[PDB]
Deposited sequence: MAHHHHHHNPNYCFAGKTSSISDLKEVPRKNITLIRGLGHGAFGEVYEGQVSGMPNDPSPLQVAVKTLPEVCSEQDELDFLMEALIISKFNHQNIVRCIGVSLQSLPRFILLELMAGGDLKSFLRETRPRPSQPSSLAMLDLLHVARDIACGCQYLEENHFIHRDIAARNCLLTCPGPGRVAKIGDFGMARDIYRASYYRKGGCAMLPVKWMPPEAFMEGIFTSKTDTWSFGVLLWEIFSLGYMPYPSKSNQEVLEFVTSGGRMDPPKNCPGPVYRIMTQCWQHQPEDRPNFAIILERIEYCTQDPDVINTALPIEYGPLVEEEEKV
């Protein structure tokens, strides 16, 4: 059984909390898409259940074990909790905090203000989501963990309603690297030194967070509209940057452009990003700005 080290502490599969299979009940599917299905479950404690296909390779098995180790060793309010695992019966389960709000990309798209729902979302809701994820990112940064795929699709919401809390919910890219192809690399979220030299640092996630910020304030649009992966690669490498999302306040767009500085040394760390998000949330001219109604 492979070892995992986080914050200089070493853990093993034996450290995972094995929940007896009999204590676990599947309720409904939440989707499969990527390798494996996800179900809502009960252990009563309500959970999301990530499953490993019984028809898988040994590498799929190792990948599954590693993501279990990675998530269980985090302890922060803006990272999804692992309730435990069921690895001793098949198919194997990882048990996660149930985030009833679903993933952030789907949420933004579904919760866009509309003539039917004219006040579904406000600038403050978006700033709160941004702060939440930035807090999670700061925790990773201070513990020297590089996420490598900070993106709306990988964030989750505790609930649809106003008290929602956003958390980082998927660590599959970091898992792969820790141990694929060009076409699968999240190039639209990556800085120049990442896709060119394969150099990753904390400032890798800063750049990606800027793209997430654009996703958030665009209300769920795909980054670099109308651009392919290679077109984005050449655009960004040549200094090109995304325009502000529709109705985006200047102070918010300015955080994006700072996250996208070419030199990683010129990009803010997450402490600074959090400070700027805070300042935006205080600014009436920012939060009084109306989001577009489709």
| item | value |
| --- | --- |
| Deposited sequence positions missing from the model - stretches, numbered from 1, in order | 1-8, 52-59, 196-201, 317-327 |
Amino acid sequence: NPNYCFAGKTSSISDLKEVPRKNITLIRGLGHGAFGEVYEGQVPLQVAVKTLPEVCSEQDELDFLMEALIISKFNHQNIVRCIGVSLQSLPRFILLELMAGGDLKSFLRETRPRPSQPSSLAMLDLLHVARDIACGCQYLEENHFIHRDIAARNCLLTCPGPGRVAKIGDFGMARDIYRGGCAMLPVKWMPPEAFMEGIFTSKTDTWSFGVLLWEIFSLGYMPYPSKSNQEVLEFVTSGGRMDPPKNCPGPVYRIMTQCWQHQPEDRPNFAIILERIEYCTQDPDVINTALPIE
From here on, numbers count along this sequence of modelled residues.
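For clarity, a rigid core is taken as the largest C-alpha set superposing within 1.5 Å between two forms.
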| item | value |
| --- | --- |
| Farther-lying stretch by C-alpha RMS in 5 other deposited structures of this protein, rigid core as reference, of 199-207 and 113-121 | 113-121 |
| Stretch with larger C-alpha RMS deviation in 5 other deposited structures of this protein, core superposed, 211-219 versus 190-198 | 190-198 |
| At least a third of other PDB entries omit residue 161 | no |
| Unresolved residue 102 in a third or more of other entries flanked by modelled residues | no |
| Residue range whose averaged C-alpha B-factor is higher in the record, 18-26 or 274-282 | 18-26 |
| Higher-B stretch (mean Cα B-factor, as the entry records it), 258-266 or 58-66 | 58-66 |
| C-alpha B-factor winner, where the candidates are 208, 120, 143, 77 | 120 |
| Residue with highest C-alpha B-factor in the PDB entry, from 250, 240, 36, 245 | 36 |
| Third assignment of residue 171 from its chain's C-alpha B-factors | middle |
| For residue 100, the third of its chain into which the C-alpha B factor falls | middle |
| Ranked C-alpha temperature factor of residue 192 among modelled chain residues, by third | middle |
| Third assignment of residue 135 from its chain's C-alpha B-factors | lowest |
| Ranked C-alpha temperature factor of residue 112 among modelled chain residues, by third | highest |
